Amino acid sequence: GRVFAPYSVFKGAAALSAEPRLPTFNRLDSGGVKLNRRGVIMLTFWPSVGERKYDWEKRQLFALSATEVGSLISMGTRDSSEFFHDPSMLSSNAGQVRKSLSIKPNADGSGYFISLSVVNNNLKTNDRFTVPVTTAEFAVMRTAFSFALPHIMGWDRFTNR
């Protein structure tokens, strides 16, 4: 069933990985199949301990929706994006936990910094994992994300077979 093949970037302070998560479908009794739980592109950040040694137990995740992916793949050399996620957004527990993912270009255009910030007011913690990403590394993402977008949207269920 399960499948694992993330694209990973391992840098000085932290490690970064990315993988699609396909949407789930509830087969209706009326016939065929219907899309249920949304697909995303999952990003995982985690800290470096030893030199090129990382603590997988301190990992934090950030799910990119289809639209956030569209925003990413349409970034030029000089562009930035910032996405803001509250796992408990739109309720009383909103504000307790805030995740913000930012993607900023270097002044020289030699790549980007992809940073995940996690503020937890419940646990009283404040984490920031930053991973530099080269122009070529980021090209791999745009291309792979672009490939995966239709799949996470469930559009690959439309083939003439």
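Quick note: we count residues from 1 along the sequence shown, nothing fancier.
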property	result
Of 145 to 153 and 20 to 28, the stretch whose C-alpha atoms average the higher B-factor in the entry	20 to 28
Average Cα temperature factor in the PDB entry - higher stretch of 31 to 39, 55 to 63	31 to 39
Which of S48, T135, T44, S115 ranks first by CA B-factor in the deposited coordinates	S48
CA B-factor placement of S102, once the chain's modelled residues are sorted into thirds	lowest
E68, C-alpha B-factor rank within chain (lowest, middle or highest third)	lowest
Third assignment of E82 from its chain's C-alpha B-factors	lowest
